[PDB]
Amino acid sequence: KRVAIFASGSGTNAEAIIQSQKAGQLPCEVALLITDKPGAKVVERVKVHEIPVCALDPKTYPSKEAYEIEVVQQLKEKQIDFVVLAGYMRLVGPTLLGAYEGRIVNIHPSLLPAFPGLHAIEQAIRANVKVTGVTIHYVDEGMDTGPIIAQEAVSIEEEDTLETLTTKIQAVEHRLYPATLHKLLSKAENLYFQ
Amino acid sequence: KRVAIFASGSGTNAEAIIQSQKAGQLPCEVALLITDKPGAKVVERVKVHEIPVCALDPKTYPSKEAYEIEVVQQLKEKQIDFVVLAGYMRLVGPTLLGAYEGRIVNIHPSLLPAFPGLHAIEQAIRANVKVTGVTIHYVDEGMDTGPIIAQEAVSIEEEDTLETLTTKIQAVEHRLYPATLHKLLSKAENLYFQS
């Protein structure tokens, strides 16, 4: 029962998922990290668990399709059953989606459909909303589109800044992503690991 | 200290605001209802408090501007200081906005900017979101635009239907609209009711 994670930068969501496996809550094993650069905390955090990492810079490839062909090659090689995006900053193209349709999920720091795309916490602050939150969803063709699995609201208090709100939102993500993955990939159904 | 309410249909939000006045929580008095149809529960609910009612069918006017000119006339006639939209289903045009800019608020049953416009509770169910909610905001030019004053989230449970979610959202509106109006229009500031 193998999961791949796509992540970059700090990798705190990837860490919470790995911690959830160690707790006995995730009903699968993290088997691969796909990332953009070697010199990042997420690589360090994952490497110490002896989980394979494939660091593919997308700009090295002639096209998005060529990059995704290599991505899919890696997922197939590691016998990946499910794909978890955890701070993956690119759109998922037709090659990746075609190979893993119905088996890719994502987390996004807004209540979709509000504030899709990059820097959604900053978007909510700039729009002066009073409530934002976190969305976990299946990945389909478009930007942050696909059937929504879970959402949780977070209030923006008057004293909140980008930093303090980001902390609150990350706390929700670290609890919610693994709890949602546990419920979704429950051993009751054999669904994704047949 | 006079407020006008714009409402149609059942008028349950209008009722909650009147009730909050009667409770001692609203620091102003409801002085006028502007509505579209005489034969509605909101008219009945408001009339029994002997609050003046102006029923203006907008379709019986040459233009949106002509209708709003009459609206503004009625508001000026009644010495209205603040305008509360409570199920007003038309866009606020330049005539109304020009006369009462900064003194019009609205309630909307989604977490703006998601699901602006009509039937937003149905929109959220059709979009299969798991969280929706309520927004109270100042009214500017445009549809459901303007500085957001308050929001409250409501979870859509698996067993929720349009009917049961609507009940939940209306419960939030009936508490939140008057509580927000109390905070916004607080006596300490006396911002909107200067002589």
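Residue numbers (this note's numbering), protein chains in the order written: chain A, 17 to 210; chain B, 932 to 1126.
Even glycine gets a Cβ: it sits at the ideal position worked out from N, Cα and C.
Please list, in chain order, the chain A residues whose beta carbon lies closer than 7 Å to that of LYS1061/B.
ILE164, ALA166, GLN167
Taking the Cβ atom as the reference point for each residue, do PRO1047/B and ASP1075/B lie within a distance shorter than 8 Å?
yes
In the DSSP assignment, what are the bridge partners of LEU1016/B?
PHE937/B, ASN1037/B
Quick one: is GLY149/A near chain B, going by C-beta distance under 8 Å?
yes
Straight-line Cα distance separating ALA143/A from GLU84/A:
Cα to Cα, the separation comes out at about 34 Å.
How about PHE22/A and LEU101/A: do their beta carbons lie closer than 8 Å?
A Cβ-Cβ contact shorter than 8 Å links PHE22/A with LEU101/A.
Curious, which full-length alpha helix (DSSP H) runs of at least 4 residues does the stretch 957-989 of chain B contain?
972-978
Closer than 8 Å to chain B by CB, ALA187/A
no
Examine chain B for any beta-carbon lying closer than 8 Å to the beta-carbon of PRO132/A, and answer yes or no.
no
Report buried or exposed for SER994/B, applying the criterion of at least 16 other Cβ atoms within 10 angstroms of its Cβ.
Here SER994/B is exposed: its Cβ has fewer than 16 other Cβ atoms, across all protein chains shown, within 10 Å.
Tell me the rounded alpha-carbon separation between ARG1021/B and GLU1001/B.
15 Å
Report the partner residues of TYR154/A according to the DSSP bridge assignment.
Paired residue(s): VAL121/A.
Between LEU207/A and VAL150/A, how many whole angstroms is the CB-CB distance? I'm expecting something under 8 Å.
Their Cβ separation, rounded to whole angstroms, is 24 Å, which puts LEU207/A and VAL150/A out of contact at 8 Å.
I'd like to check one pair, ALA1045/B with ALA169/A: are the Cβ atoms closer than 8 Å?
no
Mind listing the chain A neighbours of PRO1044/B? Cutoff is C-beta to C-beta under 7 Å, in chain order.
Those are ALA130, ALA143, listed as they occur along chain A.
Local Cβ density within 10 Å of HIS1050/B, reported as buried at 16 or more and exposed below that
exposed
Restricting to runs no shorter than 4 residues, where is the alpha helix (DSSP H) found entirely within the stretch 125-193 of chain A?
136-142
From what residue to what residue does the alpha helix (DSSP H) around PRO1025/B run?
1025-1031
Determine the DSSP secondary structure at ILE96/A, reduced to helix, strand or coil.
coil
Suppose contacts are defined by Cβ-Cβ distances below 8 Å. Is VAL961/B in contact with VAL1023/B by that definition?
no
Can the beta-carbon of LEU42/A be found closer than 8 Å to that of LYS94/A?
no
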